[PDB]
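1. can you look at this? It's an experimental structure, sequence on top.
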Amino acid sequence: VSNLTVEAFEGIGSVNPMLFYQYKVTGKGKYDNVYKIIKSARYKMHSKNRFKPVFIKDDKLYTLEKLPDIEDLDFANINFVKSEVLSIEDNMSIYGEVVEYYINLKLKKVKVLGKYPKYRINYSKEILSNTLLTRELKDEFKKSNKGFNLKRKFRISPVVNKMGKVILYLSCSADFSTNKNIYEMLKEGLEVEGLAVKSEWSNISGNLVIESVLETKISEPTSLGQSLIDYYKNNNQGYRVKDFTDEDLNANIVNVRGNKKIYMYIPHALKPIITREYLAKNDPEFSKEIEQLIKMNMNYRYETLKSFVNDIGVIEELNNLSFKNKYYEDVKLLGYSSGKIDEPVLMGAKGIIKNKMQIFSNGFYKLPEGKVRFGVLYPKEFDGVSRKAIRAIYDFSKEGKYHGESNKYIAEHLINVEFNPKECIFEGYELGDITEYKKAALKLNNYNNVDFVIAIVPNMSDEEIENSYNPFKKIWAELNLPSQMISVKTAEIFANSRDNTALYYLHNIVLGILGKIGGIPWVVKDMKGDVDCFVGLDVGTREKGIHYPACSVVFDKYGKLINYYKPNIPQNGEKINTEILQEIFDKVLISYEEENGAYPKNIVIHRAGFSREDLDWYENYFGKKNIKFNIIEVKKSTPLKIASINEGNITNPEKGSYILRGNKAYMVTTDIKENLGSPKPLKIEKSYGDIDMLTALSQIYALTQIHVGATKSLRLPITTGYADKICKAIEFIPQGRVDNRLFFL
DNA sequence: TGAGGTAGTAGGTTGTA
DNA sequence: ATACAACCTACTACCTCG
Ligand SMILES: [Mn+2]
């Protein structure tokens, strides 16, 4: 066996309680509230004074060294108050801020390859290291001949205990930017209209996209009224723009939509946002090179943070403070509790299934109401490839005969399907306007002889002729007719190949067509812990001013889906009204009632989303309905990656390994081997209840093993995950009865 | 959209100290 | 009576799957 760890570093030696210098601030300016301008006075006095540390207490300000009272600042008149040795047990936070400042100050000076400063730093938790680590432990730059720069963005976040030992929390991430800019684009003469950009010289909310390039000169009076060069002279940014040569002032104005008004800027002032789209559009070979760099297994992350922490060395302003290089031998010494969950025993038609894959030799758990008829929209120039593809998937689904060869790996009649090419209908479509796609789906609606669509779509790639997926999904959703779609690439794979890649494609295709007609393929044999039904919820927070409604789901102790639900009436902002909770749980109790003849006696409410709800609603509710219950909150994205240790060897964890502290616990739900990344585990936090977190983790990991639209695990469990997919697909709600036939899966 | 895993990139909002 | 750090959302790209 083996241990687990969190990526953290214990500091050798301790922090001594140092003499800190108090400073009050007062709002001379228009913002009388200093609490809304404490950061601005902080950063200005920290800036103007050799970047000596300038910290923030609840309403005051610290420096570790003596900086005089400076009152030139038009909003803040900083004055000295007292000089007291700050007790560490009073402020864990400010001594952690010291450890942060001293790692940033030790690491500013650290250069690489002689001239080159390694870590571009501005004294915060985020540390940009210019050089990288390869797999062979070489500090090398990674750039292209275009010029796209991979950079590690290290994240320190140190904390220090009551007496003075320090804990350094690290997490490494990749980062793209390019040394080029849009000025470097146009002086090279490339097209820029439509590009996502980032203004370093003015901080603007919303996401920026390039509208156009005016041929008008940047050195003339503007529609703002004065020249933009005077606009940045009044920005006091003259140390950058004074570097402008005659060709620099020869440049042209480039405007960019900023969701409120276009911004009249110069191309030098903008970098393009380097989404990985922009990489593959601008250097594919580089992207294929760095994909082994950005996805990181744990040995590589340990080498990366080992380089980082050796670049700390020893810091001496904290009295010869140094951090170790290794991780922990156990998280017990940090305060979490480890373990790995038993993998759930899973059952199918003939009882227990051994692999998740041989269900197609075992047959499905439950089949829906009888007989279903297929139907395919196809491109009129992609006919025979499509016909061989449908013949492959239907001979799989009915005959079990893999590209014309029967195998004992496939069982007959695994759906009770009805398809016959002399009987059925394939309406065709031309790859064209979306209104043709819509009227084609209507024409396949006008014959009431199809019971299930398998449409064919153009690809997720291919910016050419318009993608047919979403208008089909809208029009087939409003019919409440499920539709497992297939790309033309997938059609070519089924038509060309005879090999088992088409079998993998076909596995996921058939589990999709099952889970959309409401059949459920496999379920757990026995749920650990005594629970009747699960309840998902989530609310999406999409853009500025977006307040979504909670879409539930309800499973059983077998975990098979029973009902999901969309509320009646609108909520109070994003804070959901209590009667929507009432309405949902009314549908929950009647759903489990008329599906199993009894009220639920244990309800696990896996919630994503914030506690805009109130627990005492649930307390009064399930006290009057006198049934115990459990609200485990699942938070989907967490930065705390987890590593395994086998005698110093740092590997990615096997799935189902967890770490736990009280009422928060982390756990990986997916097996990723080497070469592919570090598993980004789950965040689970029991807001209420009377069950041990061990059993809630066991139920969550089993509900990641019952994803029913794949042969592999969903990272989220099917409660929160299917709640999330429904909340993305809020246009795909049921017309009438809100029952089953998962449109998302 | 196989399909969902990691991975980035922007971006908004609170929950807890 | 207000923080800031996690969450969470949106789109892609890579890459594997008896
Ligand atoms: Mn699907």
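-> Alright, I've got the coordinates. Numbers count the residues shown, from 1 in each chain, chains lettered A, B, ... in the order given.
2. would you map the strands across the stretch 401-550 of chain A?
-> A:401-402, A:405-406, A:417-418, A:428-429, A:456-457, A:486-487, A:523-524, A:533-537 (DSSP state E, counting those that start in this stretch).
3. redo the ones you listed as TSV? Include distance to residue A:471.
-> No exception for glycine: its C-beta is placed from N, CA and C like everyone else's. What follows is the strands of the stretch 401-550 of chain A, written out as TSV (distance: least, CB to CB, whole Å):
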stretch	distance to residue A:471
strand A:401-402	33
strand A:405-406	37
strand A:417-418	26
strand A:428-429	11
strand A:456-457	10
strand A:486-487	16
strand A:523-524	34
strand A:533-537	28
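4. looking at those strands, which is closest to DNA strand C?
-> strand A:401-402 (9.4 Å; CB to the nearest atom of the strand).
5. partner strands of that closest one, with direction?
-> When pairing is defined by DSSP bridges, strand A:401-402 lines up against strand A:405-406 (antiparallel).
6. is the residue of the stretch 1-150 of chain A found nearest DNA strand B in a helix, a strand, or coil?
-> Per CB to the nearest atom of the strand, residue A:93 is where the stretch 1-150 of chain A lies closest to DNA strand B, at 6.9 Å. Counting by DSSP: H, G, I helix; E, B strand; the rest coil, the backbone at residue A:93 sits in helix.
7. from residue A:710, how far off is residue A:636?
-> From residue A:636 across to residue A:710, the span is 18 Å (CB to CB, to the nearest Å).
8. next: residue A:314.
-> 50 Å.
9. repeat that for residue A:2.
-> Computed as CB to CB, the residue A:2 to residue A:710 distance reads 28 Å.
10. residue contacts, the residue in the stretch 301-450 of chain A positioned nearest to DNA strand C?
-> In the stretch 301-450 of chain A, the residue that lies nearest DNA strand C is residue A:409 (3.5 Å; CB to the nearest atom of the strand). Going by CB atoms under 8 Å, 6 or more residues apart in numbering, residue A:409 touches A:358, A:360-361, A:402.
11. helix or strand for the closest residue in space to residue A:235 that isn't next to it in sequence, which one?
-> Spatial nearest neighbour of residue A:235, excluding adjacent residues (CB to CB, 6 or more residues apart in numbering): residue A:201 at 7.5 Å. Using DSSP states H and E, residue A:201 falls within no helix or strand.
12. what ranges does the stretch 1-150 of chain A have for its helices?
-> Along the stretch 1-150 of chain A, counting by DSSP state H, counting those that start in this stretch, helices occupy A:38-47, A:92-108.
13. just the stretch 201-350 of chain A next, same as before
-> For the stretch 201-350 of chain A, applying DSSP H, counting those that start in this stretch gives helices covering A:228-233, A:238-241, A:276-282, A:284-294, A:298-312.
14. nearest to DNA strand B, of these?
-> helix A:284-294 (4.6 Å).
15. report the distance from the closest one to the chain centre.
-> Put simply, helix A:284-294 sits 20 Å off its chain's centre (CA atoms, centre = their mean, to the nearest Å).
16. quick one: it to helix A:298-312, angle?
-> With axes from the mean of the first three to the mean of the last three CA atoms, to 10 degrees as the basis, helix A:284-294 and helix A:298-312 are set at 80 degrees to each other.
17. what's next to helix A:284-294, contact-wise?
-> Applying CB under 8 Å, 6+ apart, the contact partners of helix A:284-294 are A:132, A:134-135, A:142, A:144, A:146, A:148, A:150, A:174, A:276, A:279-280, A:675.
18. of all those residues, which two lie farthest apart?
-> A:146 and A:675 (25.7 Å; CB to CB).
19. between these two, which is the more surrounded one?
-> Using other CB atoms under 10 Å as the criterion, residue A:146 and residue A:675 rank with residue A:146 on top: 13 against 10.
20. hey, what's residue A:649 bridged with?
-> With DSSP bridges as the rule, residue A:649 is bridged to residue A:646.
21. pull the number of nearby residues for it.
-> Residue A:649: 12 neighbours (other CB under 10 Å).
22. out of everything not next to it in sequence, what's closest to the residue nearest the centre of chain A?
-> Nearest to the mean C-alpha position of chain A, counting by CA atoms, centre = their mean, stands residue A:637 at 5.5 Å. Among residues not flanking residue A:637 along the chain, residue A:680 sits closest, at 7.4 Å (CB to CB, 6+ apart).
23. burial measure for residue A:588, as a count.
-> Per other CB under 10 Å, the neighbour tally for residue A:588 reads 21.
24. and the contacts of helix A:284-294, which are buried?
-> Buried by 16 or more other CB atoms under 10 Å: A:132, A:142, A:144, A:148, A:150, A:174, A:279, out of those.
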